[PDB]
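Shown below, as structure tokens, is a lone chain in the form deposited in one PDB entry; questions about how it binds or moves come after it.
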């Protein structure tokens, strides 16, 4: 740690611009990397300290058509959501409506990261309940209830008890 921290901070601006690229091969690779970075606490802290990086992850998650890119950027928000500062950064970045949109994904890992991140925001982040409602999150959550396994159902039922 601390070495790792500064290493990340140096790379973060360029990763940001690559994540924002128009070429989806480039986006994908930069997303894999950002996801791998989010696995170590030091560099996870440098990701969460960068509004630009957080906004690029949110925007990519939401606009992408590549399954793997949606997975890795959703996974990354998931990892940030384990920290109070991560939650706040997702929230200020517009992460909530992106995450609610990923509740329509036919992909299991993505649904998974989206519902758990939303759960962590609903539990711990002031302002999250209203912003999930504003994004239509109650209906999108209710649409999943007959469509998922009993573990997703349980988490989603809990998000709903938080919101109703």
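Numbering follows the first chain given and starts at 1.
Another form exists, solved in complex with a small molecule; not displayed. Remarks below refer to it.
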The small molecule in the deposited complex has a heavy atom of only one listed residue within 4.5 Å, and of 33, 138, 107, 26 that residue is 107
If we test each of 120, 55, 43, 64 for a heavy atom within 4.5 Å of the small molecule in the deposited complex, the one that passes is 64
Tell me, yes or no, whether residue 59 is in contact with the small molecule in the deposited complex, where a contact means a heavy atom of each within 4.5 Å.
no
Is residue 102 a contact residue for the small molecule in the deposited complex, using a 4.5 Å heavy atom cut-off?
yes
Is there any non-hydrogen atom of residue 128 lying within 4.5 Å of the small molecule in the deposited complex?
no
Contact label in the deposited complex: residue 70 to the small molecule, heavy atom within 4.5 Å:
yes
